[PDB]
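Heads up: the structure comes next, in structure tokens.
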Amino acid sequence: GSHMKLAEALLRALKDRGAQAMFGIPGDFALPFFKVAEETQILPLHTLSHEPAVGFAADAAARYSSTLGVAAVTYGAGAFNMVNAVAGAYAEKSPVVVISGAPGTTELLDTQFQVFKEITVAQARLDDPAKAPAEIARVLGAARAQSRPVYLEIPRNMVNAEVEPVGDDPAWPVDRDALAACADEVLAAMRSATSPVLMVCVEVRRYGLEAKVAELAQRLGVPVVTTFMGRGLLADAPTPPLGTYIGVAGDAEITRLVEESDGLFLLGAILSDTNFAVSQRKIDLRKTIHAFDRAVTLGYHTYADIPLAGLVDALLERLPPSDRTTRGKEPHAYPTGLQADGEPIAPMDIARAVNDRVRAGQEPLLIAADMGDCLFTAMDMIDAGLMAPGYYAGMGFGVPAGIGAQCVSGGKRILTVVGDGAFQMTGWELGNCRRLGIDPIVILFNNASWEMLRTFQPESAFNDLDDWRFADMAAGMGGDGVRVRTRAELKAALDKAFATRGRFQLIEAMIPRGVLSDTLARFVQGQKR
Amino acid sequence: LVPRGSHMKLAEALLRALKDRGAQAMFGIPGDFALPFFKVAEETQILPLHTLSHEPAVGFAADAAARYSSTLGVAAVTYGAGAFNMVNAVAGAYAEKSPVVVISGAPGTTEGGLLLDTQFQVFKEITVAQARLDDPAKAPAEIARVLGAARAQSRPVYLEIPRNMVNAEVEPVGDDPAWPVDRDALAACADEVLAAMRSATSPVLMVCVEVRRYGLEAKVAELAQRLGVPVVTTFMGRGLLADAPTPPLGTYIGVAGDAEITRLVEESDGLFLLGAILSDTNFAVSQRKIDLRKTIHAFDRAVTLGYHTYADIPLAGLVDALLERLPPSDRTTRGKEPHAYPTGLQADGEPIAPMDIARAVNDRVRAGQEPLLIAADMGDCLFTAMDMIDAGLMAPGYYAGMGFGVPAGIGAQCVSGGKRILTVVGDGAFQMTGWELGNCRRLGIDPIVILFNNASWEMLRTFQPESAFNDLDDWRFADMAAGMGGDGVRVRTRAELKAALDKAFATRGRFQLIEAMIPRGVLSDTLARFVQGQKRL
Amino acid sequence: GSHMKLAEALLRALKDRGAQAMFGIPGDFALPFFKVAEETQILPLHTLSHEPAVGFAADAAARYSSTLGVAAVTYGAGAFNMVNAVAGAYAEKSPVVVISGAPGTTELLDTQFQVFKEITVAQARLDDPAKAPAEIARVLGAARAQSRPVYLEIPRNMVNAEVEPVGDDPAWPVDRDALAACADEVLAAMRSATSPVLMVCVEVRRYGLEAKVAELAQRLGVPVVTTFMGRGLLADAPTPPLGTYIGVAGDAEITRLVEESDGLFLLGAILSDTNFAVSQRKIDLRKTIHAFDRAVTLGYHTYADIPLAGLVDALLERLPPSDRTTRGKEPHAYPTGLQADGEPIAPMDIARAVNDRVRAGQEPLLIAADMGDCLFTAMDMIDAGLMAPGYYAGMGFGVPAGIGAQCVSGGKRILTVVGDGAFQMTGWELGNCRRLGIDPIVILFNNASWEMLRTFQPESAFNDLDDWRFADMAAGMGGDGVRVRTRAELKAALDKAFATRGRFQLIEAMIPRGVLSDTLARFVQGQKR
Amino acid sequence: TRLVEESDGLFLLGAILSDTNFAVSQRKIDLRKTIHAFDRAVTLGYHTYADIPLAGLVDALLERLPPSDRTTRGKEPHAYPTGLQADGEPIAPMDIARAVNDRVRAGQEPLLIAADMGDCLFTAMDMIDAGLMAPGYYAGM
Ligand SMILES: Cc1ncc(C[n+]2csc(CCOP(=O)(O)OP(=O)(O)O)c2C)c(N)n1
Ligand SMILES: Cc1ncc(C[n+]2csc(CCOP(=O)(O)OP(=O)(O)O)c2C)c(N)n1
Ligand SMILES: Cc1ncc(C[n+]2csc(CCOP(=O)(O)OP(=O)(O)O)c2C)c(N)n1
Ligand SMILES: Cc1ncc(C[n+]2csc(CCOP(=O)(O)OP(=O)(O)O)c2C)c(N)n1
Ligand SMILES: [Cl-]
Ligand SMILES: [Cl-]
Ligand SMILES: [Cl-]
Ligand SMILES: [Mg+2]
Ligand SMILES: [Mg+2]
Ligand SMILES: [Mg+2]
């Protein structure tokens, strides 16, 4: 018989589901909601400067803990200013709960609702106190079940409406007969394949199925490969991945193994023609088994309403235990050996600088990367996780994602890599580190250029950018910046950054135009063909 | 048949069609799918190509350029993230009747799934017309149709160009197709409007946004003199008819404005809204504050009054029809300035308040400086700008979205032929898009920017002062200007403000950033009236 | 460069797609649209008395010619009063285009739009002249592709807006590889089955695939059976159906053949637990092949975007020609031999009366039946088609459907059978026959009872209805009515009705309570078990 | 009509607001000067009070007003048509109203009237009744 303000019921429902913080920027229509969030302290409230960062930070927080992210905005400009970040979270299967303030029920372009419907899997306007609890459960349940963003619009006069507490997600029971048929066909297909391959992908991480999938991989007995967004999965498994598939720029043997498989089990994979993703045009659709978005497709036919977790358990029930292991193999060889001299800096030198510290005893940091050669370089860095817009490829994610991740990392420092073009977009969010109580290390790749674009159209003058003095601007926003031009300066700056806590550390690495990471070089050489 | 032989690339035809319609530049940020299009733009130089740092600024700059010259604005982006990142700026342009032509690159017609097309569906919600130029034979007519729609309704439009179509040969783009015009309804409407104006006890003519967008100032000045009723402007009509025989008594902006003007408008029993946006946000004329039953609303090519709506009535046509029915008049209602601008800055050791910034600017003008056009962001900077003498004011007065300020000043100055722009912006808004100033050197511009730094989202504090989240940190913006190629100075006293403003005006060639420290709780007079007016109700 | 009023463009688009008439009831918001319809004469405009009849008549017209039906109503009460008829058309795969007038774009509960979205497959509010042509093509195209109702809302101020003519339906090209895979699996399943059965169902008729399916049936070589809504299909085919499956009340051999099949090919079937339909709980889901709603499901997996027509052509390409025929068999035995004496009337006597006339030389008439024992009786009548709510089971369809069908029959007379309860609902629509220029024969089964309900709960008094003198009321609404109590009177009345053209003929047959048709008797006996 | 539409203090105590048929329309009155008490809320002066039952608002107003013996009764405001001319002329809707009213004036206790939508409703407005039930706002037949 208890009841609470609608806003409080929502905040508690989010916390009940694992949310760790709420990022946001208020406005008139959202002020009452922000007041409840601040006064109740149910979720830590972190504000940022610009809405893109609110969305990227919530996305990063969701990815960091494989839970719900929370992004709060105000009606109109505020919400429209987060459309790109939300689209990116949708694209990369990250459940960001977008909460927008809205005009009261009694109160220029609804357009906003229509736009958000295009980039979320469920929406609700909480304008009826009696049904709000069920609607919140339905919408948050969809976010969790599909691992994609959702939209909640709260009229300002409803924030304080009394409602009953939010219950559990509505349960959608799987058809046992269909699941059995699905598991049987999938297993039969893997057994009939001359070259079966198990790809561990994004949904495995999002749904927290790492342990179950490590077990499945051991029992299935086929080669394991990860997709870009599955990087690091099963690293501690009995049969760790042979490597990561990233398309033309990756290991040739891995690329062929994936593309020539006649039993390619895409366990939770996002398919697209984007650079690093598994593309339908490069694989055998007559033999691929795509388990994704609560469905399983093979031989052009689909089993509906098959959650990934259920499929994995069904396969385990049909497989005998195994003690097989492949861990006696040699570990991956990362680029190391930075020559700390007076020579200029190349992207690979940044990778070597980071890797050398790790080899010398530094526990690796999780890396947040923006889109650009910084990402191609980060791929060769030893990390405690990599968070980047590898498929969506939108710029601006980097710095805000590092900030969002460190806000929920419980003390673990984050390393962010970002190019000059991307920094001009959202790097300024670092001015918020002092209030947030964080101190990320940021390596800014400054080549005074939109280099990825120059690489593919070198004759154009518009890719030449001005020389912005980012390191000189760091103090103005509360951080310690240093511009480095030589490998010796780079080595020294990285050590100093790790030795200095309390303020964000910005290392502005000057890189000449035309100098690329090894992976980007291979990508370019690959396209030419 | 597939076109062949025109020796004109689709992209070139589009750039030329835009130039034919008055476009003065193209702002944009490239990406893979848009590279071929940007190559044509750069190589042909049909329109000056200006790049910016972040897409919001591309949209705001294009919007500002459109507003500055009452023409088409052009914003070029790449498919996906690039385009989605400009949705807010485009929605703002739609909201304030500014024709921004959005041109997005797209996958080639024979190419090919991360979302769910999603992009087209989103843009269709914030534009008046759209076209995917994937058929060279139909491209010319589609361009004319879409650009024609932008000009007919003064709203943004969307053009999506598959990258393999950029260089496809096409025939030249013709003129805009004609929109419906009901001559019979026009005549009947004109008669009814005049009858309503004549019978009203307190009629009022409001000169609004469409009058400026459609270049009707001269015709409306003539109409105002002949109609013989009190004249007032809306926020977006501010400045119109200033030199006319019957100039506006003032600008209506709701409770925040002059009490006499507000009363005149809200008590009118014959309110003729000539081209007005009707909305309940910020400074817009609100359907909830006036009596729609006694209102004549001419907008979006229609006219509503007496419980009925006349369709297919272009504003220019209605004005001409009214003039044909009114005899000439020598009526003159000019007099000494209606709105008294604050002057007399006390250049001493006291802290700075928003009104001191208005006095500093106004004193320079009164001393002989030709006023600059002002670009303002949303915040107390806008409320303060209402009391500044200007050569035009560009701001999100209705949409109220932050981030517009600095990019708008940049876009306007790119097309101003050297006329310097004065930008006013708060600390919260500068944190969003003020960084775009780093592009001034390459763009060859040097705007003056007054940053109101109260370490606060102050407008929100006025609405909910109990909240701690409106307190912002100390950002040393002036100290960051050099890294962006400009001159910055932080000022704390009125004397420092006076000196810095003079130095900024005396120094061209580099943008000038004056970071004015202002205490929390100190508001412009207009924002103070706005806040008090809210409480009263 | 030509353009026309939006309303005219819609009417022509409907006529282009085969629509033969428009049924409707106007109101303030729809008056301008009705004016265009009346003045242009593009489609004959037929008004009725009450909206249920408008919907049932449009549904019947659609069914009669396997084309689009058109039902025009006014905003509010008018449209809400047609929700049941539209739901029934949706339930039975009939493409009724609902056109509602609406407030002008510049102008108590939108609720109406939301309600119609629940019972239609596509909707559009034509409030933008520039996009109206494409929206009309999209919505009408959905009606044709899915064979279900659609909704078009036209603001009154848009009726006369100038628009470009409507083009063709947007084309949704089928994936050739998926179709090939589907056809291969289906054919392999039919060949591996020990008892394959081809069921010809509603979509075969709706999409005009009778000739193609007759060919498929001959080449496939398996037994053919029809569903209730497939009654009469392939009657003239090389291998006509062995019979019609209608559940427990049908032929035992047919019921078992269907239910025990391990290769049940449901070609275009509506599945449901309703009386006469094929139910998922009575068949083997591990062996059923369900081709319906543009998909094909077997073994719990589904091939998407497979139009029925495409599937049939794909199977024909994989089957060799055949000269096989089963037409040497004995035809169906219908009840005949009415004893025209002084004894009371039973439902089977009505069937015998109708069948005897046919055996004596009368070309059979298409029969429109309402829900009740009249339908169970009609199942044993020789017809030129049977139109009834066999699956939806909603009352009131009968008389209006007969009226709608005769409006588009090009001179062919229609026979309607209806119970007293159903007649009290919509039988009054017969008052419109004079204006419509039609003269259907209507046999009203009057047992002063909701007999189907008494059969299952005989102890209830509320199923006892009063004695309404329907025949006595016929003249008041322009028809010739006669009440008959004996078999001799029945025989004479039916002959007189057929001999009298110009006015509807109402034969009110008095039937005692407790006297049922043979099929209903079997149904009841079946449920008991 | 003039009294209502020109009012600068229109207190709508429990009114349905709609533009259909006989309903009070937001387009005919000045909402700025209207006090709308309906659906357990009260709207006026550009703001809305929530959770206000109509019975509660009435009681609260009574508590703030002193008793009064004010009386504004007078001879019937609406003149009902009477005097049916019972002759050979055809029937018009007003004749039906006169027939009904004449019976009442002659001593018949009025009956409650149920009316459908159509001129029957417009005619019933001029009939003496013991209540009138009709779809006056919804206008459904
Ligand atoms: C929001 C957004 N706008 C534009 C692009 C197109 N784009 C892809 S790479 C690139 C250049 C990035 O420059 P930078 O951040 O300096 O890294 P670099 O290419 O020099 O390594 C651009 C503009 C994008 N991906 N996202
Ligand atoms: C894109 C966007 N996000 C949020 C808001 C809500 N908002 C309106 S005023 C304001 C504070 C502005 O702070 P500032 O720029 O420092 O100017 P001040 O109010 O202090 O004068 C905010 C966040 C908005 N209008 N637009
Ligand atoms: C619209 C609707 N309302 C109620 C029912 C429930 N119902 C099914 S059969 C029946 C009785 C029909 O009586 P009648 O038309 O006289 O035919 P009978 O049963 O006597 O053969 C009823 C009320 C229905 N199917 N449809
Ligand atoms: C269910 C429904 N359908 C259609 C209408 C539209 N309508 C309003 S008045 C009218 C005509 C009513 O005719 P009638 O009952 O004979 O009364 P009359 O207008 O002749 O006085 C119609 C069809 C409606 N209000 N309700
Ligand atoms: Cl993946
Ligand atoms: Cl305006
Ligand atoms: Cl069927
Ligand atoms: Mg760069
Ligand atoms: Mg501020
Ligand atoms: Mg009966």
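We name chains A, B, ... following the order of the structure tokens; residues begin at 1 in each chain, and ligands are numbered from 1 as shown.
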
ask   = Any idea what's packed within 8 Å of residue 443 (chain A), counting only C-alpha atoms, ignoring anything in its chain fewer than 6 positions away? Could you give it as a ChimeraX atom specification?
value = /A:415-418,506-509

query = chain D residues within 9 Å of chain C, counting only C-alpha atoms: which ones, as a VMD selection string?
reply = chain D and resid 16 to 20 137 to 141

Take the residues that were just selected and, keeping C-alpha atoms, output them as a PDB file, in the first residue's frame.
```pdb
ATOM      1  CA  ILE D  16     -16.894  19.148 -21.032  1.00  0.00           C
ATOM      2  CA  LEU D  17     -14.909  21.348 -23.437  1.00  0.00           C
ATOM      3  CA  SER D  18     -15.277  20.408 -27.111  1.00  0.00           C
ATOM      4  CA  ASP D  19     -15.903  21.884 -30.559  1.00  0.00           C
ATOM      5  CA  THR D  20     -18.705  19.437 -31.376  1.00  0.00           C
ATOM      6  CA  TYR D 137     -21.850  16.516 -27.687  1.00  0.00           C
ATOM      7  CA  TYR D 138     -20.818  13.163 -29.180  1.00  0.00           C
ATOM      8  CA  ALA D 139     -23.476  13.510 -31.903  1.00  0.00           C
ATOM      9  CA  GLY D 140     -23.547   9.813 -32.719  1.00  0.00           C
ATOM     10  CA  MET D 141     -26.717   8.368 -34.229  1.00  0.00           C
TER      11      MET D 141
END
```

message = Report, in Å with one decimal, the straight-line distance from CA of residue 158 (chain B) to CA of residue 145 (chain B).
response =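 Straight-line distance from CA of residue 158 (chain B) to CA of residue 145 (chain B) works out to 11.4 Å.
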
message = For a quick test of understanding: name the residues of chain B lying within 6 Å of chain A when counting only C-alpha atoms, and present them as a list in words.
response =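 Written out as asked, the residues are residues 53, 54, 81, 84, 85, 88, 95, 113, 114, 115, 122, 401, 431, 432, 475, 476, 479, 480, 483 and 484 of chain B.
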
request  = Residues up to 9 Å from ligand 9, counting only C-alpha atoms and all ligand atoms: could you list those as a PyMOL selection string?
outcome  = chain B and resi 379-381+425-429+451-459+470-472+518+520

Once you have the residues from the selection above, write them out as a PDB file, in the first residue's frame, restricted to N, CA, C and O atoms.
```
ATOM      1  N   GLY B 379      20.302  32.192 -22.786  1.00  0.00           N
ATOM      2  CA  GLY B 379      20.781  32.415 -21.425  1.00  0.00           C
ATOM      3  C   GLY B 379      20.582  33.886 -21.105  1.00  0.00           C
ATOM      4  O   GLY B 379      19.938  34.604 -21.863  1.00  0.00           O
ATOM      5  N   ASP B 380      21.111  34.364 -19.982  1.00  0.00           N
ATOM      6  CA  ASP B 380      20.942  35.777 -19.670  1.00  0.00           C
ATOM      7  C   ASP B 380      21.636  36.652 -20.720  1.00  0.00           C
ATOM      8  O   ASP B 380      21.329  37.836 -20.854  1.00  0.00           O
ATOM      9  N   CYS B 381      22.557  36.073 -21.489  1.00  0.00           N
ATOM     10  CA  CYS B 381      23.201  36.846 -22.548  1.00  0.00           C
ATOM     11  C   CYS B 381      22.142  37.381 -23.534  1.00  0.00           C
ATOM     12  O   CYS B 381      22.252  38.511 -24.007  1.00  0.00           O
ATOM     13  N   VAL B 425      27.445  35.270 -25.092  1.00  0.00           N
ATOM     14  CA  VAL B 425      27.242  33.863 -24.765  1.00  0.00           C
ATOM     15  C   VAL B 425      27.608  33.609 -23.304  1.00  0.00           C
ATOM     16  O   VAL B 425      28.532  34.225 -22.771  1.00  0.00           O
ATOM     17  N   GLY B 426      26.881  32.698 -22.667  1.00  0.00           N
ATOM     18  CA  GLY B 426      27.159  32.368 -21.275  1.00  0.00           C
ATOM     19  C   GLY B 426      28.211  31.278 -21.134  1.00  0.00           C
ATOM     20  O   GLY B 426      28.635  30.670 -22.118  1.00  0.00           O
ATOM     21  N   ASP B 427      28.648  31.011 -19.906  1.00  0.00           N
ATOM     22  CA  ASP B 427      29.657  29.991 -19.688  1.00  0.00           C
ATOM     23  C   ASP B 427      29.173  28.576 -20.017  1.00  0.00           C
ATOM     24  O   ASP B 427      29.913  27.773 -20.586  1.00  0.00           O
ATOM     25  N   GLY B 428      27.927  28.277 -19.670  1.00  0.00           N
ATOM     26  CA  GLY B 428      27.395  26.960 -19.976  1.00  0.00           C
ATOM     27  C   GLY B 428      27.350  26.727 -21.476  1.00  0.00           C
ATOM     28  O   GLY B 428      27.764  25.666 -21.969  1.00  0.00           O
ATOM     29  N   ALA B 429      26.864  27.722 -22.211  1.00  0.00           N
ATOM     30  CA  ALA B 429      26.786  27.590 -23.668  1.00  0.00           C
ATOM     31  C   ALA B 429      28.164  27.567 -24.325  1.00  0.00           C
ATOM     32  O   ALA B 429      28.370  26.852 -25.308  1.00  0.00           O
ATOM     33  N   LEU B 451      31.815  36.743 -23.166  1.00  0.00           N
ATOM     34  CA  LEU B 451      31.398  35.538 -22.463  1.00  0.00           C
ATOM     35  C   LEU B 451      31.000  35.906 -21.043  1.00  0.00           C
ATOM     36  O   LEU B 451      31.824  36.391 -20.269  1.00  0.00           O
ATOM     37  N   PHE B 452      29.729  35.675 -20.721  1.00  0.00           N
ATOM     38  CA  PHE B 452      29.164  35.977 -19.404  1.00  0.00           C
ATOM     39  C   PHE B 452      29.512  34.792 -18.503  1.00  0.00           C
ATOM     40  O   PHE B 452      28.847  33.752 -18.545  1.00  0.00           O
ATOM     41  N   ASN B 453      30.539  34.942 -17.671  1.00  0.00           N
ATOM     42  CA  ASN B 453      30.943  33.823 -16.833  1.00  0.00           C
ATOM     43  C   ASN B 453      30.503  33.942 -15.387  1.00  0.00           C
ATOM     44  O   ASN B 453      31.185  34.574 -14.564  1.00  0.00           O
ATOM     45  N   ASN B 454      29.359  33.332 -15.078  1.00  0.00           N
ATOM     46  CA  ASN B 454      28.860  33.338 -13.708  1.00  0.00           C
ATOM     47  C   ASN B 454      29.025  31.956 -13.062  1.00  0.00           C
ATOM     48  O   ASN B 454      28.487  31.712 -11.984  1.00  0.00           O
ATOM     49  N   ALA B 455      29.813  31.076 -13.687  1.00  0.00           N
ATOM     50  CA  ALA B 455      30.054  29.716 -13.171  1.00  0.00           C
ATOM     51  C   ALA B 455      28.712  29.143 -12.754  1.00  0.00           C
ATOM     52  O   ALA B 455      28.536  28.637 -11.634  1.00  0.00           O
ATOM     53  N   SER B 456      27.769  29.195 -13.684  1.00  0.00           N
ATOM     54  CA  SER B 456      26.415  28.779 -13.375  1.00  0.00           C
ATOM     55  C   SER B 456      25.523  28.644 -14.589  1.00  0.00           C
ATOM     56  O   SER B 456      25.721  29.320 -15.605  1.00  0.00           O
ATOM     57  N   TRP B 457      24.537  27.758 -14.474  1.00  0.00           N
ATOM     58  CA  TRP B 457      23.485  27.651 -15.482  1.00  0.00           C
ATOM     59  C   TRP B 457      22.468  28.553 -14.769  1.00  0.00           C
ATOM     60  O   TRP B 457      21.500  28.083 -14.147  1.00  0.00           O
ATOM     61  N   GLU B 458      22.701  29.859 -14.841  1.00  0.00           N
ATOM     62  CA  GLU B 458      21.901  30.813 -14.091  1.00  0.00           C
ATOM     63  C   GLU B 458      20.423  30.893 -14.411  1.00  0.00           C
ATOM     64  O   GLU B 458      19.610  31.093 -13.511  1.00  0.00           O
ATOM     65  N   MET B 459      20.044  30.755 -15.672  1.00  0.00           N
ATOM     66  CA  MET B 459      18.624  30.793 -15.972  1.00  0.00           C
ATOM     67  C   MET B 459      17.899  29.675 -15.233  1.00  0.00           C
ATOM     68  O   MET B 459      16.754  29.848 -14.802  1.00  0.00           O
ATOM     69  N   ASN B 470      23.170  23.408 -10.588  1.00  0.00           N
ATOM     70  CA  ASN B 470      23.304  24.566 -11.468  1.00  0.00           C
ATOM     71  C   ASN B 470      24.603  25.315 -11.203  1.00  0.00           C
ATOM     72  O   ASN B 470      24.952  26.250 -11.930  1.00  0.00           O
ATOM     73  N   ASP B 471      25.311  24.916 -10.148  1.00  0.00           N
ATOM     74  CA  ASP B 471      26.604  25.520  -9.829  1.00  0.00           C
ATOM     75  C   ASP B 471      27.645  24.878 -10.735  1.00  0.00           C
ATOM     76  O   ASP B 471      27.846  23.663 -10.685  1.00  0.00           O
ATOM     77  N   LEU B 472      28.324  25.682 -11.547  1.00  0.00           N
ATOM     78  CA  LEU B 472      29.350  25.144 -12.426  1.00  0.00           C
ATOM     79  C   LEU B 472      30.714  25.484 -11.851  1.00  0.00           C
ATOM     80  O   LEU B 472      30.833  26.300 -10.930  1.00  0.00           O
ATOM     81  N   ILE B 518      30.876  37.373 -13.571  1.00  0.00           N
ATOM     82  CA  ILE B 518      29.646  37.928 -13.012  1.00  0.00           C
ATOM     83  C   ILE B 518      29.218  37.068 -11.830  1.00  0.00           C
ATOM     84  O   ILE B 518      29.261  35.848 -11.912  1.00  0.00           O
ATOM     85  N   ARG B 520      26.861  35.014  -9.176  1.00  0.00           N
ATOM     86  CA  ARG B 520      25.598  34.303  -9.288  1.00  0.00           C
ATOM     87  C   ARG B 520      24.534  35.182  -8.627  1.00  0.00           C
ATOM     88  O   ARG B 520      24.838  35.955  -7.699  1.00  0.00           O
TER      89      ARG B 520
END
```

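Once residue 519 (chain A) and its same-chain neighbours fewer than 3 positions away are set aside, residues 249, 250, 376, 377, 379, 522 and 523 of chain A remain within 8 Å of it when counting only C-alpha atoms.
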
ask   = Mind checking DSSP for region 8-193 of chain C and telling me the strand (DSSP E) residues as a PyMOL selection string?
value = chain C and resi 22-24+45-47+69-73+96-102+123-125+150-155+162-163

Suppose we keep C-alpha atoms; can you now write the selection as an mmCIF file, in the first residue's frame?
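This went into result-v3.cif:
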```
data_model
loop_
_atom_site.group_PDB
_atom_site.id
_atom_site.type_symbol
_atom_site.label_atom_id
_atom_site.label_comp_id
_atom_site.auth_asym_id
_atom_site.auth_seq_id
_atom_site.Cartn_x
_atom_site.Cartn_y
_atom_site.Cartn_z
ATOM 1 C CA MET C 22 -17.868 2.251 -52.570
ATOM 2 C CA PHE C 23 -20.248 1.621 -49.693
ATOM 3 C CA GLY C 24 -20.734 4.316 -47.101
ATOM 4 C CA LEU C 45 -21.665 4.947 -54.527
ATOM 5 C CA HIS C 46 -23.977 2.760 -52.447
ATOM 6 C CA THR C 47 -25.288 3.970 -49.116
ATOM 7 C CA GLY C 69 -13.488 -3.465 -50.853
ATOM 8 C CA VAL C 70 -14.214 0.210 -50.048
ATOM 9 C CA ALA C 71 -16.015 1.413 -46.901
ATOM 10 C CA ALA C 72 -16.433 5.158 -46.373
ATOM 11 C CA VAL C 73 -17.436 6.631 -43.017
ATOM 12 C CA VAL C 96 -11.428 -3.567 -46.929
ATOM 13 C CA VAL C 97 -10.102 -0.043 -47.459
ATOM 14 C CA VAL C 98 -11.608 2.071 -44.687
ATOM 15 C CA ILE C 99 -11.803 5.753 -45.658
ATOM 16 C CA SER C 100 -12.792 8.121 -42.858
ATOM 17 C CA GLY C 101 -13.494 11.814 -43.159
ATOM 18 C CA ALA C 102 -11.709 13.801 -40.458
ATOM 19 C CA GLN C 123 -2.726 3.407 -42.032
ATOM 20 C CA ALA C 124 -2.152 6.908 -43.343
ATOM 21 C CA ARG C 125 -3.536 10.340 -42.552
ATOM 22 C CA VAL C 150 -6.252 -0.680 -44.223
ATOM 23 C CA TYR C 151 -7.138 2.768 -42.905
ATOM 24 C CA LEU C 152 -7.047 6.152 -44.659
ATOM 25 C CA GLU C 153 -8.008 9.284 -42.767
ATOM 26 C CA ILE C 154 -8.731 12.347 -44.901
ATOM 27 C CA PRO C 155 -8.959 15.797 -43.270
ATOM 28 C CA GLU C 162 -4.406 19.138 -55.817
ATOM 29 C CA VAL C 163 -2.095 16.131 -56.011
#
```

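Closest approach to residue 331 (chain A) among A:164, A:221, A:241, A:189: A:241, based on only C-alpha atoms.
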
task = Can you check which residues of region 237-386 of chain B DSSP gives as helix (DSSP H, G or I) on the backbone and send them as number ranges by chain?
result = B: 237, 259-266, 292-294, 315-324, 354-366, 380-385

query = For chain A against chain C, which residues fall within 8 Å using only C-alpha atoms, given as a list in words?
reply =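 Output check: residues 177, 178, 181, 182, 299, 300, 301, 302, 303 and 304 of chain A.
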
message = So that I can see what lies close to region 349-352 of chain A, please list as a ChimeraX atom specification the residues with an atom at most 12 Å from it, counting only C-alpha atoms and leaving out residues fewer than 6 positions away in the same chain.
response = /A:333-341,343,358-360,367,373-383,417-418,442-445,484-494,507-511,515-519

key: Within 7 Å of ligand 6 (only C-alpha atoms and all ligand atoms), residues as a PyMOL selection string   = chain B and resi 208-209+234-237+275-277+284

query = Residues of chain D within 9 Å of chain B, using only C-alpha atoms, as a PyMOL selection string?
reply = chain D and resi 27-32+45-47

request  = Using only C-alpha atoms and all ligand atoms, pick whichever of C:328, C:390, C:18, C:165 has the shortest atom-to-atom distance to ligand 7.
outcome  = C:390

task = Could you please determine the separation between CA of residue 160 (chain C) and CA of residue 182 (chain B) in Å, to one decimal place?
result =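 If I compute the distance from CA of residue 160 (chain C) to CA of residue 182 (chain B), I get 12.9 Å.
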
ask   = So, counting only C-alpha atoms and all ligand atoms, which residue among C:371, C:248, C:436, C:30 is closest to ligand 10?
value = C:371

inquiry  = Please return as a PyMOL selection string the residues found within 8 Å of ligand 7, counting only C-alpha atoms and all ligand atoms.
reply    = chain C and resi 200-203+226-230+268-271+277-278

ask   = Could you state the separation of CA of residue 310 (chain C) and CA of residue 264 (chain C) in Å, given to one decimal place?
value =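 It comes out at 19.2 Å.
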
query = Could you pull the residues within 6 Å of region 99-111 of chain D, counting only C-alpha atoms, minus those fewer than 2 positions along the same chain, as a VMD selection string?
reply = chain D and resid 82 84 96 to 97 128 to 130
